[PDB]
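Structural overview for review
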Amino acid sequence: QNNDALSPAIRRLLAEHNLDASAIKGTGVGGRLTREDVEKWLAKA
């Protein structure tokens, strides 16, 4: 219910790139996916 793993904006980004959240790992402030993470993944895909 109350999860802060992924952000609302990012969900749009990941949805745009056509990627999968489960196929990525967030390194935010305590395990929170960030745009930087998506970038590193996009480049390694």
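Residues numbered from 1 in each chain as written, not as in the entry; some residues may be left out. Heavy atoms only, no water.

- Solution NMR is the method the PDB entry lists for this structure.

**Focus on the overall build of the chain**
- Looking only at helices and strands, one finds 2 helices and 0 strands in the chain.
- Along the longest, intermediate and shortest principal axes, the C-alpha atoms of the chain span 30 × 20 × 15 Å.
- Here the chain holds 45 residues, and 13% of them are scored as buried.
- Here the analysis covers contacts within the chain between residues at least 6 apart in sequence; of these, 35% occur between residues at least 24 apart.
- Element-wise, carbon and sulfur atoms account for 46% of the exposed surface of the chain, whose accessible area totals about 3,900 Å².
- Here the chain contributes 7 positive and 6 negative side-chain charges, whose respective centroids are spaced 3 Å apart. (Helix = DSSP H or I, 4+ residues; strand = E, 2+ residues; numbered from the N terminus. Buried < 20%, exposed > 50% of the residue type's maximum accessible area, 1.4 Å probe, protein only. Contact = heavy atoms within 4.5 Å. Areas by Shrake-Rupley, 256 points an atom, 1.4 Å probe, with all protein chains shown as cover. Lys, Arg positive; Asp, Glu negative; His and termini not counted. Charge placed at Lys NZ, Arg CZ, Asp CG, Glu CD.)

**Here we look at the pattern of salt bridges**
- This structure, assessed with the given rule, holds 1 salt bridge.
- Notably, a salt bridge pairs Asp4 with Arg32, separated by 2.6 Å at the nearest N-O pair. One end of the pair, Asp4, is in the segment before α1 (8-17); the other, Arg32, is in the loop between α1 and α2 (35-43), and 28 residues separate them in sequence. (Salt bridge = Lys/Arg side-chain N within 4 Å of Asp/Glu carboxyl O.)

**Here we look at the environment of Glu36**
- Mapped onto the elements of the fold, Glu36 is located in helix α2.
- Accessibility expressed as a relative area gives 62% for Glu36, which makes it exposed.
- On a C-alpha basis, the gap between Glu36 and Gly26 in space is 9.3 Å, while along the polypeptide they are 10 residues apart.

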